[PDB]
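# What the coordinates show
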Amino acid sequence: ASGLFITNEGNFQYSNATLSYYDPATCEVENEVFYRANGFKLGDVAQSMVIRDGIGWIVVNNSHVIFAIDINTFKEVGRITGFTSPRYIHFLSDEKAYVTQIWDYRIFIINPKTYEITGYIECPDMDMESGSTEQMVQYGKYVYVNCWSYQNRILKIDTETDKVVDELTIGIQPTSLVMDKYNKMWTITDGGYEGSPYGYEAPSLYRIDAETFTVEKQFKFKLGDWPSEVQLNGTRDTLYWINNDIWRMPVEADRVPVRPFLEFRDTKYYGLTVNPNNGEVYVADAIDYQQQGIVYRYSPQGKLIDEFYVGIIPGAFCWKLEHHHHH
Ligand SMILES: [Cl-]
């Protein structure tokens, strides 16, 4: 049956990260599913998750590892260690995938089938001290990736050579990256922070053409905002993101709407996702980064459907959609 995974960062150096699994049909959530199925802790700061042919890959940022589990039993089928500080994983094939990192100038290349690191992609003009590669989107034989922490550019990678072939400098610290149905990528910066050794400025939302790798639209916000998590709906024509409130806009719009999708409620909207089949929007609220977090489920029209408590600091989602795998 269809379901939704929710990773929970937990607290840094507290090794209290956990995995939750929610059933939209029953409105029931199960917490600490990884530990309950495996007998050992997920780790420190679970960061993201992807599902590929009956296998879920969970990135645990501060545990230097990626866990491969059965999406039904949640039991571990394999794992890859040795990562500096893993962020996201993007599959190119059953034997090749990229794993971005923070505190590293290299993008780790791995072989999912053998569960080992096979190589590295060196990013130009960055080191280990402040290096950072985050989310990735694929465009034909190319893969685009945003450089977040103490960085200000998007890199273009040729998957046929595993090398960076181009770059684009934009606002400081782009946080995420998605591709719409017009082959236009979207990224939103967080503008750094006050007293930052790198910079502090008003953040912006960018619309960049994938083919020409050029900025087409730039929507600048207010100084002090720390936006993040650009997300798209199933048809990839409605963009959502976080900036105090949960915002949304048609990808063809010439301006950001004056009203948000979900108003700020003095808490801490941290994670976000949209059901690719029905458009329902799920918002992960960290509350205060201390107590147990909560997830809100809204209809496309913005009606509250359900809410459920998960783990500490829920920040990422992964949909488990039913479908027949190829043989
Ligand atoms: Cl768990």
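Residues numbered from 1 in each chain as written, not as in the entry; some residues may be left out. Heavy atoms only, no water.

As summarised from the PDB record, the model derives from X-ray crystallography at a stated resolution of 1.90 Å.

## A few points about the pattern of salt bridges
Enumeration over the complete set of coordinates arrives at 15 salt bridges. With its nearest N and O atoms 2.9 Å apart, the salt bridge here joins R106 to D104. Accessibility expressed as a relative area gives 18% for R106, which makes it buried. A salt bridge links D209 to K184; its shortest N-O distance comes to 2.8 Å. (Salt bridge = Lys/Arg side-chain N within 4 Å of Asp/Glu carboxyl O. Buried < 20%, exposed > 50% of the residue type's maximum accessible area, 1.4 Å probe, protein only.)

## Quick notes on the sheet that holds strand β21 (residues 238–243)
Across the sheet, which stays open at both edges, the 3 strands sit in the order β20-β21-β22 with antiparallel pairing between neighbours. Either end of the sheet is taken by a strand with one partner, and the two such strands are β20 (228–232) and β22 (245–250). Sheet twist, expressed as the average angle between the axes of neighbouring strands with direction ignored, equals 20 degrees. Here β21 runs beside β22; their pairing, made up of 6 bridges, is antiparallel. Each bridged residue has a counterpart across the sheet, and for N243 the counterpart in β22 is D245. (Pairing = 2+ DSSP bridges. Helix = DSSP H or I, 4+ residues; strand = E, 2+ residues; numbered from the N terminus. Axes fitted to C-alpha atoms, helices over the stretch in contact; angles between N-to-C directions.)

## Structural notes on the packing of aromatic side chains
Inspection of the entire model under this criterion finds 23 aromatic pairs. Ring centres 6.3 Å apart and planes at 40 degrees place the aromatic pair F221 and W241 in the tilted group. Remark: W241 occurs in strand β21 and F221 occurs in the loop between β19 (214–220) and β20; sequence separation between them is 20 residues. Exposure remark for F221: the relative accessible area of 19% places this residue in the buried category. Judged by centre distance (6.2 Å) and plane angle (85 degrees), the rings of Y270 and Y289 are edge-to-face. Taken together, the residues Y270 in strand β23 (residues 269–274) and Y289 in the loop between β24 (281–285) and β25 (292–298) connect sequence positions 19 residues apart. What makes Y270 partly exposed here is its relative accessible area of 28%. Residue classification places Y289 among the partly exposed residues on the basis of a relative accessible area of 30%. Among the aromatic residues, those joined into a ring-pair cluster are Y22, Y282, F308, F317 and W319. A cation sits over an aromatic face here: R106 above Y105, 6.0 Å from the ring centre. (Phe/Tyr/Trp six-rings, centres within 6.5 Å; stacked < 30°, edge-to-face > 60°. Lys NZ or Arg CZ within 6 Å of the ring centre and 35° of its normal.)

## So, the sheet that holds strand β26 (residues 304–312)
The antiparallel open sheet is built from 4 strands, whose spatial order is β23-β24-β25-β26. Across the chains shown, the open sheet's two edge strands, defined by having one partner strand only, are β23 and β26. Pairs of neighbouring strands in the sheet enclose a mean axial angle of 20 degrees, with direction left out of account. In this sheet, β25 lies alongside β24 in antiparallel orientation, the contact comprising 5 bridges. What sits directly across from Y282, in β25, is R297.

## Details of the pairing of β21
The buried fraction of β21 amounts to 6 of the 6 residues, a majority that puts the element mostly inside the structure. Burial along β21 is two-sided: the face carrying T238, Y240 and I242 and the face carrying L239, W241 and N243 are both buried. Judged from the 3 bridges that link them, β20 and β21 form a sheet pairing that is antiparallel. By the bridge assignment, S228 is partnered in β21 with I242. Hairpin connection of β20 to β21: 5 residues between the antiparallel strands, including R236 at a positive phi of 55 degrees. A loop of 1 residue connects β21 with β22, the two strands running antiparallel in sequence, and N244 in this loop sits at a positive phi of about 70 degrees.

## Considerations on the nonpolar core
Residues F5, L19, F34, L42, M49, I58 and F67 are the most contacted members of the largest nonpolar core, which totals 16 residues. The leading source of residues in this core is strand β6 (residues 65–70), at 3 residues. Among the nonpolar cores identified, the runner-up in size contains 15 residues, and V178, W186, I188 and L232 belong to it. (Core = buried A, V, L, I, M, F, W, Y, C linked by side-chain atoms within 4.5 Å.)

## Let's talk about the environment of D266
Inspection of the secondary structure assignment puts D266 in the loop between β22 and β23. Residue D266 is classed as exposed on the basis of its relative accessible area, which comes to 69%. Considering only alpha carbons, one finds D266 and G315, 49 residues apart in sequence, at a separation of 17 Å.

## Examining the pairing of strand β8 (residues 86–93)
Burial runs high along β8: 6 of the 8 residues are buried. Of the strand pairs in this sheet, β8 and strand β9 (residues 96–101) are connected by 5 bridges, and their pairing is antiparallel. Within β9, the position partnered with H90 by the bridge is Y98. Taking the residues that link successive antiparallel strands as the turn, the β8-β9 hairpin has 2 residues.

## Remarks on the side chain of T100
Tracing the chain through its elements places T100 in strand β9. A polar contact is formed between the side chain of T100 and the backbone oxygen of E134, at a distance of 2.6 Å. Excluding anything up to four places from it in sequence, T100 contacts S85, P86, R87, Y88, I107, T133, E134, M136 and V145. (Polar contact = N/O pair within 3.5 Å; in protein donor to acceptor, adjacent residues only side chain to side chain. Contact = heavy atoms within 4.5 Å.)

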